[PDB]
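Structure data (mmCIF, C-alpha atoms and all ligand atoms) from final.cif:
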data_my_file
#
loop_
_atom_site.label_atom_id
_atom_site.label_comp_id
_atom_site.auth_asym_id
_atom_site.auth_seq_id
_atom_site.Cartn_x
_atom_site.Cartn_y
_atom_site.Cartn_z
CA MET Q 1 107.12 138.01 244.70
CA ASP Q 2 108.66 138.07 241.22
CA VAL Q 3 107.82 135.48 238.55
CA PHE Q 4 109.97 134.85 235.46
CA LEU Q 5 108.23 134.15 232.15
CA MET Q 6 108.57 133.31 228.43
CA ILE Q 7 105.64 134.75 226.44
CA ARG Q 8 105.64 132.63 223.29
CA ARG Q 9 103.94 132.92 219.91
CA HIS Q 10 105.07 131.08 216.75
CA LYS Q 11 108.87 131.71 216.59
CA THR Q 12 108.85 134.69 219.01
CA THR Q 13 109.81 134.38 222.70
CA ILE Q 14 109.65 137.30 225.14
CA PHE Q 15 111.68 136.91 228.34
CA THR Q 16 110.12 139.13 231.04
CA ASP Q 17 109.37 139.22 234.76
CA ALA Q 18 106.30 140.40 236.67
CA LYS Q 19 104.81 140.21 240.21
CA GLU Q 20 102.64 137.23 241.34
CA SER Q 21 100.03 139.93 242.27
CA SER Q 22 100.12 141.53 238.80
CA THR Q 23 97.27 140.68 236.38
CA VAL Q 24 96.99 138.93 232.97
CA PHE Q 25 95.99 142.33 231.50
CA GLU Q 26 99.18 143.98 232.87
CA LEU Q 27 101.19 141.24 231.09
CA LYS Q 28 99.30 142.13 227.82
CA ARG Q 29 100.43 145.76 228.25
CA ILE Q 30 104.04 144.39 228.31
CA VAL Q 31 103.44 142.51 225.02
CA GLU Q 32 101.82 145.68 223.56
CA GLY Q 33 104.96 147.71 224.21
CA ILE Q 34 107.12 145.14 222.42
CA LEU Q 35 104.98 143.69 219.56
CA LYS Q 36 102.74 146.81 219.07
CA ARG Q 37 99.45 144.89 219.36
CA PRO Q 38 96.77 146.18 221.78
CA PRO Q 39 95.62 143.93 224.66
CA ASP Q 40 92.16 143.44 223.06
CA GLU Q 41 93.91 141.90 219.99
CA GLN Q 42 95.84 139.41 222.22
CA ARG Q 43 94.90 136.15 223.94
CA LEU Q 44 97.19 134.63 226.65
CA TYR Q 45 97.28 131.02 227.73
CA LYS Q 46 98.64 128.69 230.36
CA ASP Q 47 98.99 125.44 228.39
CA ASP Q 48 95.71 125.24 226.32
CA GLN Q 49 93.76 127.38 228.84
CA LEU Q 50 92.69 130.93 228.00
CA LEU Q 51 93.49 133.31 230.87
CA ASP Q 52 91.13 136.03 232.15
CA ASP Q 53 92.54 139.59 232.16
CA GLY Q 54 91.46 140.23 235.75
CA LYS Q 55 93.25 137.19 237.18
CA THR Q 56 96.60 137.56 238.92
CA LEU Q 57 99.60 135.56 237.66
CA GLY Q 58 99.66 133.66 240.98
CA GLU Q 59 95.98 132.70 240.42
CA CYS Q 60 96.96 131.48 236.93
CA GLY Q 61 99.66 129.20 238.50
CA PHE Q 62 102.64 131.46 237.86
CA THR Q 63 104.44 131.29 241.21
CA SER Q 64 107.97 131.97 242.48
CA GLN Q 65 108.39 128.17 242.91
CA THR Q 66 107.53 127.38 239.23
CA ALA Q 67 108.50 130.50 237.27
CA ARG Q 68 112.20 130.79 238.15
CA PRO Q 69 114.92 132.99 236.49
CA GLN Q 70 116.87 129.89 235.37
CA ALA Q 71 113.64 128.04 234.32
CA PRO Q 72 110.89 130.51 233.39
CA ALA Q 73 107.23 129.53 232.98
CA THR Q 74 105.66 129.59 229.54
CA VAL Q 75 102.70 131.85 228.66
CA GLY Q 76 101.15 131.24 225.24
CA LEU Q 77 100.17 134.18 223.01
CA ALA Q 78 97.68 134.30 220.08
CA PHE Q 79 96.89 137.52 218.15
CA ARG Q 80 93.70 138.59 216.38
CA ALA Q 81 93.92 138.41 212.53
CA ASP Q 82 91.13 140.34 210.75
CA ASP Q 83 87.81 138.94 212.18
CA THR Q 84 89.07 136.03 214.37
CA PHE Q 85 91.93 135.07 216.70
CA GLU Q 86 94.40 132.60 215.23
CA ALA Q 87 94.98 129.16 216.83
CA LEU Q 88 97.61 129.09 219.62
CA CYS Q 89 100.80 127.90 217.94
CA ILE Q 90 104.20 127.82 219.63
CA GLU Q 91 107.15 126.66 217.55
CA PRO Q 92 109.38 124.33 219.55
CA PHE Q 93 113.05 125.00 219.97
CA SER Q 94 115.60 123.04 217.90
CA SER Q 95 116.49 119.46 218.89
CA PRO Q 96 119.90 119.02 220.53
CA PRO Q 97 122.27 116.52 218.84
CA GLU Q 98 122.79 112.97 220.19
CA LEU Q 99 125.09 112.86 223.26
CA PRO Q 100 128.64 111.83 222.25
CA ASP Q 101 129.87 108.40 223.46
CA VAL Q 102 132.36 110.13 225.80
CA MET Q 103 129.39 111.85 227.59
CA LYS Q 104 127.12 108.76 228.03
CA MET I 16 111.65 149.85 229.34
CA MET I 17 113.97 148.89 226.44
CA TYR I 18 114.33 145.45 224.84
CA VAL I 19 116.65 143.83 222.24
CA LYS I 20 116.06 140.95 219.80
CA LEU I 21 118.50 138.03 219.65
CA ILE I 22 117.80 135.77 216.67
CA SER I 23 118.90 132.16 216.68
CA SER I 24 120.44 130.28 213.68
CA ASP I 25 117.06 128.56 213.16
CA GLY I 26 115.06 131.83 213.18
CA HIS I 27 113.74 131.98 216.73
CA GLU I 28 113.48 135.58 217.90
CA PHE I 29 114.22 136.14 221.59
CA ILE I 30 113.21 139.49 223.05
CA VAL I 31 115.09 140.27 226.28
CA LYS I 32 115.45 143.50 228.35
CA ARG I 33 118.40 145.65 227.18
CA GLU I 34 120.02 145.63 230.66
CA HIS I 35 119.96 141.80 230.66
CA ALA I 36 121.50 141.39 227.19
CA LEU I 37 124.31 143.76 228.32
CA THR I 38 125.49 140.90 230.59
CA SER I 39 127.36 139.45 227.59
CA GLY I 40 130.34 141.70 227.00
CA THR I 41 130.16 140.69 223.34
CA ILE I 42 126.60 142.08 223.01
CA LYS I 43 127.53 145.19 225.06
CA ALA I 44 130.32 146.00 222.55
CA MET I 45 127.89 146.05 219.60
CA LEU I 46 125.03 147.83 221.47
CA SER I 47 126.41 149.97 224.41
CA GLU I 56 119.35 152.74 217.99
CA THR I 57 120.62 149.19 217.22
CA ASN I 58 118.58 146.45 218.94
CA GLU I 59 118.66 143.33 216.74
CA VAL I 60 121.44 140.71 216.67
CA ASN I 61 121.63 137.62 214.47
CA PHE I 62 123.45 134.51 215.74
CA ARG I 63 123.85 132.31 212.62
CA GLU I 64 125.83 129.73 214.68
CA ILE I 65 123.69 129.52 217.87
CA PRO I 66 120.58 127.32 217.63
CA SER I 67 117.39 128.09 219.64
CA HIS I 68 117.86 125.21 222.12
CA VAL I 69 121.13 127.03 223.11
CA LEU I 70 120.15 130.73 222.65
CA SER I 71 117.01 130.24 224.80
CA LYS I 72 119.28 128.93 227.60
CA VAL I 73 121.67 131.91 227.23
CA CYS I 74 118.65 134.21 227.75
CA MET I 75 117.76 132.20 230.89
CA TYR I 76 121.34 132.75 232.12
CA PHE I 77 121.00 136.58 231.65
CA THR I 78 117.85 136.62 233.83
CA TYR I 79 119.54 134.35 236.41
CA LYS I 80 122.67 136.56 236.49
CA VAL I 81 120.76 139.85 236.83
CA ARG I 82 118.55 138.36 239.56
CA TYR I 83 121.22 136.64 241.68
CA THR I 84 124.30 138.91 241.27
CA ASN I 85 125.28 140.40 244.66
CA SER I 86 122.34 138.65 246.39
CA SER I 87 122.46 137.83 250.12
CA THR I 88 119.83 135.03 249.66
CA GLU I 89 120.66 131.39 248.74
CA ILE I 90 121.57 131.10 245.06
CA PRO I 91 120.18 128.09 243.17
CA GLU I 92 122.31 126.03 240.77
CA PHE I 93 122.07 127.05 237.11
CA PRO I 94 120.86 123.86 235.39
CA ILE I 95 122.38 122.60 232.12
CA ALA I 96 121.10 119.48 230.29
CA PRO I 97 123.95 117.17 229.24
CA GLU I 98 122.71 117.33 225.61
CA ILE I 99 123.22 121.09 225.33
CA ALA I 100 126.38 121.54 227.47
CA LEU I 101 128.90 121.42 224.56
CA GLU I 102 127.02 123.89 222.36
CA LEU I 103 126.24 126.17 225.32
CA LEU I 104 129.98 126.21 226.27
CA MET I 105 130.84 127.45 222.72
CA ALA I 106 128.12 130.10 222.79
CA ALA I 107 129.17 131.31 226.29
CA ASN I 108 132.80 131.52 225.17
CA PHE I 109 131.79 133.76 222.20
CA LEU I 110 129.37 135.82 224.28
CA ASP I 111 131.93 136.41 227.11
CA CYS I 112 129.38 135.76 229.86
CA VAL U 62 151.42 136.17 252.53
CA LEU U 63 148.00 134.40 252.76
CA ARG U 64 148.24 132.55 256.07
CA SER U 65 146.58 132.17 259.46
CA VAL U 66 148.07 134.33 262.21
CA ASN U 67 148.99 132.28 265.36
CA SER U 68 146.82 134.28 267.82
CA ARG U 69 145.81 131.36 270.06
CA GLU U 70 142.52 133.25 270.82
CA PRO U 71 139.56 130.89 270.33
CA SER U 72 136.71 131.94 268.07
CA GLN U 73 133.57 129.86 267.52
CA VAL U 74 132.13 129.79 264.03
CA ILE U 75 129.02 128.34 262.40
CA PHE U 76 129.95 126.89 258.98
CA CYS U 77 126.53 127.10 257.25
CA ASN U 78 126.31 125.41 253.81
CA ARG U 79 123.61 127.41 251.94
CA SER U 80 124.62 125.73 248.66
CA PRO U 81 123.60 122.48 246.90
CA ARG U 82 127.25 121.26 246.87
CA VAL U 83 129.15 119.08 249.35
CA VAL U 84 131.43 121.66 250.97
CA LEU U 85 135.14 121.15 251.69
CA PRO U 86 136.32 123.76 254.23
CA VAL U 87 140.04 124.54 253.73
CA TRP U 88 142.11 126.16 256.49
CA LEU U 89 145.30 128.04 255.46
CA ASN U 90 147.89 126.83 257.99
CA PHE U 91 150.66 128.99 259.57
CA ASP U 92 152.86 128.48 256.47
CA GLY U 93 149.98 129.29 254.06
CA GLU U 94 149.45 125.62 253.14
CA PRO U 95 145.78 124.72 252.56
CA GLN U 96 144.62 122.05 255.02
CA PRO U 97 141.31 120.28 254.23
CA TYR U 98 138.71 119.75 257.00
CA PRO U 99 135.65 117.39 257.28
CA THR U 100 133.06 117.96 254.55
CA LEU U 101 129.54 119.39 254.98
CA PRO U 102 126.59 117.90 253.06
CA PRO U 103 124.36 120.45 251.20
CA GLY U 104 122.03 122.57 253.33
CA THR U 105 123.75 121.60 256.64
CA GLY U 106 125.51 123.57 259.38
CA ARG U 107 128.30 122.75 261.84
CA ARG U 108 129.40 124.59 264.97
CA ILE U 109 133.20 124.62 264.87
CA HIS U 110 136.12 125.84 266.97
CA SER U 111 138.60 128.06 265.18
CA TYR U 112 140.81 131.04 266.26
CA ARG U 113 140.93 134.78 265.62
CA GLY U 114 142.98 135.74 262.59
CA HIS U 115 142.83 132.30 260.94
CA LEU U 116 142.03 132.08 257.25
CA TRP U 117 139.49 129.79 255.61
CA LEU U 118 138.24 129.14 252.09
CA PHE U 119 135.45 126.80 250.88
CA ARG U 120 135.28 124.48 247.86
CA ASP U 121 133.03 121.83 246.28
CA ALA U 122 134.56 118.68 247.89
CA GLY U 123 134.29 116.62 244.72
CA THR U 124 135.27 119.07 241.96
CA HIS U 125 137.14 121.84 243.87
CA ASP U 126 134.86 124.55 242.33
CA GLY U 127 135.12 127.90 244.13
CA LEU U 128 132.46 128.83 246.67
CA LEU U 129 131.74 132.11 248.46
CA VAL U 130 131.73 132.66 252.23
CA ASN U 131 129.84 135.78 253.45
CA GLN U 132 129.82 136.89 249.74
CA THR U 133 133.63 136.88 249.44
CA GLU U 134 136.58 134.47 248.89
CA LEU U 135 138.14 134.21 252.36
CA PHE U 136 136.74 134.05 255.88
CA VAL U 137 138.60 135.17 258.95
CA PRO U 138 137.15 134.35 262.40
CA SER U 139 136.81 137.42 264.60
CA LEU U 140 136.00 138.22 268.31
CA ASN U 141 132.78 136.64 269.67
CA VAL U 142 130.70 139.54 271.09
CA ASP U 143 128.53 138.23 274.00
CA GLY U 144 129.65 134.66 273.18
CA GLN U 145 127.73 134.77 269.84
CA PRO U 146 129.43 132.49 267.30
CA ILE U 147 130.44 134.08 263.98
CA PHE U 148 128.35 133.11 260.96
CA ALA U 149 130.18 131.84 257.88
CA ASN U 150 127.50 131.59 255.18
CA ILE U 151 128.78 129.42 252.36
CA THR U 152 126.95 129.98 249.07
CA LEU U 153 127.38 129.24 245.37
CA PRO U 154 128.79 132.23 243.48
CA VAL U 155 126.97 133.31 240.29
CA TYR U 156 129.41 131.41 238.04
CA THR U 157 129.92 132.72 234.49
CA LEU U 158 127.93 130.64 231.94
CA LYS U 159 131.29 129.50 230.44
CA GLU U 160 132.54 128.20 233.82
CA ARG U 161 129.20 126.57 234.58
CA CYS U 162 129.33 124.83 231.16
CA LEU U 163 132.91 123.65 231.90
CA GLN U 164 131.71 122.25 235.28
CA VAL U 165 128.90 120.23 233.57
CA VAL U 166 131.16 118.90 230.78
CA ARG U 167 133.90 117.85 233.26
CA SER U 168 131.19 116.03 235.28
CA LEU U 169 130.12 113.98 232.22
CA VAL U 170 133.46 113.32 230.47
CA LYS U 171 136.47 111.46 231.91
CA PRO U 172 139.68 113.57 231.60
CA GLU U 173 141.11 110.91 229.22
CA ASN U 174 138.33 111.75 226.70
CA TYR U 175 138.45 115.60 226.74
CA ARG U 176 140.50 115.56 223.49
CA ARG U 177 137.73 113.41 221.89
CA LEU U 178 135.17 116.29 222.07
CA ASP U 179 134.15 118.20 218.90
CA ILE U 180 135.30 121.59 220.26
CA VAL U 181 138.08 124.12 219.50
CA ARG U 182 141.57 123.60 220.95
CA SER U 183 141.24 126.50 223.41
CA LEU U 184 138.21 124.85 225.06
CA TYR U 185 140.26 121.61 225.60
CA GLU U 186 142.75 123.67 227.63
CA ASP U 187 139.91 125.43 229.51
CA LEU U 188 138.44 121.98 230.40
CA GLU U 189 141.83 120.58 231.51
CA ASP U 190 142.41 123.63 233.76
CA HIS U 191 140.53 122.06 236.71
CA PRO U 192 139.65 124.28 239.69
CA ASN U 193 142.64 124.27 242.01
CA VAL U 194 143.07 125.76 245.49
CA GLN U 195 146.86 126.31 245.04
CA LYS U 196 146.29 128.08 241.66
CA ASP U 197 143.60 130.26 243.33
CA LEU U 198 145.94 131.14 246.22
CA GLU U 199 148.55 132.21 243.60
CA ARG U 200 145.91 134.39 241.89
CA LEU U 201 144.79 135.88 245.25
CA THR U 202 148.33 136.80 246.39
CA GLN U 203 149.02 138.37 242.94
CA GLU U 204 145.83 140.49 243.28
CA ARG U 205 146.80 141.74 246.78
CA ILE U 206 150.22 142.76 245.24
CA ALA U 207 148.50 145.03 242.62
CA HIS U 208 147.23 146.98 245.72
CA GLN U 209 150.74 148.60 246.23
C1 LIG Q 301 140.62 116.60 266.55
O1 LIG Q 301 140.01 117.06 265.35
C2 LIG Q 301 138.61 116.88 265.34
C3 LIG Q 301 138.03 117.69 264.22
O2 LIG Q 301 138.46 119.04 264.43
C4 LIG Q 301 137.77 120.07 263.86
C5 LIG Q 301 136.83 119.88 262.87
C6 LIG Q 301 136.18 120.98 262.30
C7 LIG Q 301 135.19 120.78 261.23
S1 LIG Q 301 135.25 121.71 259.78
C8 LIG Q 301 133.88 120.86 259.21
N1 LIG Q 301 133.42 119.93 259.99
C9 LIG Q 301 134.15 119.88 261.16
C10 LIG Q 301 133.72 118.92 262.22
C11 LIG Q 301 136.59 122.26 262.67
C12 LIG Q 301 137.52 122.45 263.68
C13 LIG Q 301 138.15 121.36 264.26
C14 LIG Q 301 139.16 121.55 265.38
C15 LIG Q 301 138.50 121.40 266.75
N2 LIG Q 301 139.80 122.86 265.30
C16 LIG Q 301 140.84 123.09 264.50
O3 LIG Q 301 141.47 122.20 263.92
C17 LIG Q 301 141.20 124.56 264.33
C18 LIG Q 301 140.68 125.10 262.99
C19 LIG Q 301 141.69 126.16 262.60
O4 LIG Q 301 141.50 127.33 263.37
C20 LIG Q 301 143.00 125.51 263.00
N3 LIG Q 301 142.64 124.79 264.23
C21 LIG Q 301 143.49 124.35 265.18
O5 LIG Q 301 143.07 123.79 266.18
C22 LIG Q 301 144.99 124.56 264.99
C23 LIG Q 301 145.46 125.41 266.12
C24 LIG Q 301 145.61 125.20 267.44
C25 LIG Q 301 146.00 126.45 267.97
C26 LIG Q 301 146.33 126.78 269.39
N4 LIG Q 301 146.06 127.36 267.05
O6 LIG Q 301 145.71 126.70 265.84
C27 LIG Q 301 145.77 123.24 264.91
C28 LIG Q 301 145.23 122.36 263.78
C29 LIG Q 301 147.25 123.50 264.71
#
Please express what this file holds, its structure, as structure tokens.
Amino acid sequence: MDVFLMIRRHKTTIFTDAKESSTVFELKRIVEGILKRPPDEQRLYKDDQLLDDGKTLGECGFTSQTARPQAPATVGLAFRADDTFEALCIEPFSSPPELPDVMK
Amino acid sequence: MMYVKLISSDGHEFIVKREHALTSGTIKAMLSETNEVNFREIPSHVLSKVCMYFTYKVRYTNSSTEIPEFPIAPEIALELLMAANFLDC
Amino acid sequence: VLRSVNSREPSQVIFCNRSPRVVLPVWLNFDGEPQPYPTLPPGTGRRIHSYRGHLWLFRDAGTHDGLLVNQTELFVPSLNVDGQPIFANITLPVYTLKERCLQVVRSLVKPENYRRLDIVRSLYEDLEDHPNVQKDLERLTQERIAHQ
């Protein structure tokens, strides 16, 4: 089964898909091809939880029911910077304006 | 596997597959070497949703299976309409 | 041009709503006039009695948004092989993002207040141009004319 994701780090968001049976490491190879950082210099998260490279996306909770094309699941990304990995920081999207009176 | 970068008015960089971005006829005209597009009028709360539409469209176009509704929050509908009209998608 | 042919040969059909909308089945009568039939709640099916060569289209019963039947616009009942009823699978089309946005805005704003929105003039006209079966039948006949 396919899962639809948003790999997010600071102000960068990668929209990609993968199989439920594919691993966390295979998802790092995707990030490597785009952001040019090797998998060993990347950390992936589901919320505040660090994910193990050998675990499948399905095992990490990324399922066809919760990682849909129209509502993809979020995977957090933190790179290594010199000696240590930086803190996981994901910049939120902009706030929509107040609904007009004619829409409330 | 090729990707393109769509940058929102507030600086959010969205990296989507090239095939998916080519859904918007507007984007296809400028691309189909060049793989970075700035949208100084489209904020991230709208541009992120446009990217979700591309994935949705590529996935469900010509599908035999049941197609789910594409969800749009009332708060973003007006801005998303303006972006979709420019993007021709 | 777009009308049911008066065959008088019964054909059983299963109208199957595989969409989240309330479906309004519309039969094109012998003069080509759309005739509405009882609605179908989302995810439900009905076994119905129609005739060979009759034409049907399907809409959202509340907004008149276009729906697909067997991945196309019109459904024509055919001959029941071994008494098997014909399946008419009603589904949502992949609407354009623009049309989907128009659908959501129309659902939140009363038509009186469209002109009160902070949008360009062309989008007011797009909003006011509500989905219409008669307008779609005009478009469909025009398209069949382009085919010599
Ligand atoms: C007496 O009416 C009861 C309701 O009739 C029906 C309801 C439903 C539906 S569609 C969604 N939910 C339901 C229940 C579907 C079918 C029917 C009825 C049997 N079936 C019909 O109304 C069929 C459908 C279409 O082929 C025209 N037709 C005819 O019977 C027409 C006809 C007779 C002959 C001879 N040739 O054409 C007449 C209206 C002029």
Residues within 12 Å of residue 197 in chain U, only C-alpha atoms, excluding chain neighbours under 4 positions, as a ChimeraX atom specification: /U:63,95,118-120,125-128,134-135,190-193,201-204
Using only C-alpha atoms, which chain Q residues lie at most 8 Å away from chain U, written as a list in words?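 That gives the following set of residues: residues 100, 102, 103 and 104 of chain Q.
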Per residue of chain Q within 6 Å of chain I, record the nearest atom pair and its distance in Å to one decimal, counting only C-alpha atoms, with rows in chain order and ascending residue number, as a tab-separated table.
residue	atom	partner	partner_atom	distance
Q:11	CA	I:27	CA	4.9
Q:12	CA	I:28	CA	4.8
Q:13	CA	I:29	CA	4.9
Q:14	CA	I:30	CA	4.7
Q:15	CA	I:31	CA	5.2
Q:69	CA	I:79	CA	4.8
Q:70	CA	I:75	CA	5.1
Q:93	CA	I:68	CA	5.3
Q:94	CA	I:68	CA	5.3
Q:99	CA	I:98	CA	5.6
Distance limit 10 Å, reference ligand LIG 301 (chain Q), atoms considered: all atoms listed in the file. Which residues make the cut? Give them as a compact mmCIF listing (two decimals) with C-alpha atoms, keeping the file's coordinate frame.
# COMPACT_ATOMS: atom_id res chain seq x y z
CA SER U 65 146.58 132.17 259.46
CA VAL U 66 148.07 134.33 262.21
CA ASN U 67 148.99 132.28 265.36
CA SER U 68 146.82 134.28 267.82
CA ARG U 69 145.81 131.36 270.06
CA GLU U 70 142.52 133.25 270.82
CA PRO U 71 139.56 130.89 270.33
CA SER U 72 136.71 131.94 268.07
CA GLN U 73 133.57 129.86 267.52
CA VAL U 74 132.13 129.79 264.03
CA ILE U 75 129.02 128.34 262.40
CA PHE U 76 129.95 126.89 258.98
CA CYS U 77 126.53 127.10 257.25
CA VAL U 84 131.43 121.66 250.97
CA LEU U 85 135.14 121.15 251.69
CA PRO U 86 136.32 123.76 254.23
CA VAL U 87 140.04 124.54 253.73
CA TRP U 88 142.11 126.16 256.49
CA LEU U 89 145.30 128.04 255.46
CA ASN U 90 147.89 126.83 257.99
CA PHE U 91 150.66 128.99 259.57
CA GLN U 96 144.62 122.05 255.02
CA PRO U 97 141.31 120.28 254.23
CA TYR U 98 138.71 119.75 257.00
CA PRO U 99 135.65 117.39 257.28
CA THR U 100 133.06 117.96 254.55
CA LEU U 101 129.54 119.39 254.98
CA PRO U 102 126.59 117.90 253.06
CA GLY U 106 125.51 123.57 259.38
CA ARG U 107 128.30 122.75 261.84
CA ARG U 108 129.40 124.59 264.97
CA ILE U 109 133.20 124.62 264.87
CA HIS U 110 136.12 125.84 266.97
CA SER U 111 138.60 128.06 265.18
CA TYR U 112 140.81 131.04 266.26
CA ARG U 113 140.93 134.78 265.62
CA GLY U 114 142.98 135.74 262.59
CA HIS U 115 142.83 132.30 260.94
CA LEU U 116 142.03 132.08 257.25
CA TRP U 117 139.49 129.79 255.61
CA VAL U 137 138.60 135.17 258.95
CA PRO U 138 137.15 134.35 262.40
Tell me as a list in words which residues belonging to chain I come within 6 Å of chain U, counting only C-alpha atoms. residues 89, 100, 104, 107, 108 and 112 of chain I
For residue 42 in chain Q, which of Q:67, Q:78, Q:60, Q:30 is the closest residue, counting all atoms listed in the file?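 Among the listed residues, the smallest separation from residue 42 in chain Q belongs to Q:78.
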Between CA of residue 9 in chain Q and CA of residue 110 in chain I, measure the distance and give it in Å to one decimal. 26.0 Å
Calculate how many Å separate CA of residue 90 in chain Q from CA of residue 45 in chain Q, rounding to one decimal. 11.1 Å
One number please: CA of residue 53 in chain Q to CA of residue 37 in chain Q, in Å, one decimal.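 Result for CA of residue 53 in chain Q versus CA of residue 37 in chain Q: 15.5 Å, one decimal.
Residues lying within 12 Å of residue 2 in chain Q, counting only C-alpha atoms and ignoring same-chain neighbours fewer than 2 positions away, are residues 4, 5, 16, 17, 18, 19, 20, 21, 22, 57, 58, 62, 63, 64, 65, 66, 67, 68, 69, 72 and 73 of chain Q; 78 and 82 of chain I.
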For the selection you just gave me, I'd like the residues written to a file as a PDB file, in the frame of the given file, keeping C-alpha atoms.
ATOM      1  CA  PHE Q   4     109.970 134.850 235.460  1.00  0.00           C
ATOM      2  CA  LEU Q   5     108.230 134.150 232.150  1.00  0.00           C
ATOM      3  CA  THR Q  16     110.120 139.130 231.040  1.00  0.00           C
ATOM      4  CA  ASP Q  17     109.370 139.220 234.760  1.00  0.00           C
ATOM      5  CA  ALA Q  18     106.300 140.400 236.670  1.00  0.00           C
ATOM      6  CA  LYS Q  19     104.810 140.210 240.210  1.00  0.00           C
ATOM      7  CA  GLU Q  20     102.640 137.230 241.340  1.00  0.00           C
ATOM      8  CA  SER Q  21     100.030 139.930 242.270  1.00  0.00           C
ATOM      9  CA  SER Q  22     100.120 141.530 238.800  1.00  0.00           C
ATOM     10  CA  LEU Q  57      99.600 135.560 237.660  1.00  0.00           C
ATOM     11  CA  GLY Q  58      99.660 133.660 240.980  1.00  0.00           C
ATOM     12  CA  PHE Q  62     102.640 131.460 237.860  1.00  0.00           C
ATOM     13  CA  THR Q  63     104.440 131.290 241.210  1.00  0.00           C
ATOM     14  CA  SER Q  64     107.970 131.970 242.480  1.00  0.00           C
ATOM     15  CA  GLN Q  65     108.390 128.170 242.910  1.00  0.00           C
ATOM     16  CA  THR Q  66     107.530 127.380 239.230  1.00  0.00           C
ATOM     17  CA  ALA Q  67     108.500 130.500 237.270  1.00  0.00           C
ATOM     18  CA  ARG Q  68     112.200 130.790 238.150  1.00  0.00           C
ATOM     19  CA  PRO Q  69     114.920 132.990 236.490  1.00  0.00           C
ATOM     20  CA  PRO Q  72     110.890 130.510 233.390  1.00  0.00           C
ATOM     21  CA  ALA Q  73     107.230 129.530 232.980  1.00  0.00           C
TER      22      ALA Q  73
ATOM     23  CA  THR I  78     117.850 136.620 233.830  1.00  0.00           C
ATOM     24  CA  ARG I  82     118.550 138.360 239.560  1.00  0.00           C
TER      25      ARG I  82
END
Where is the centre and how long are the edges: axis-aligned box on range 48-54 of chain Q, 8 Å on each side, Å to one decimal, as lines of an AutoDock Vina configuration file:
center_x = 93.4
center_y = 132.7
center_z = 231.0
size_x = 20.6
size_y = 31.0
size_z = 25.4
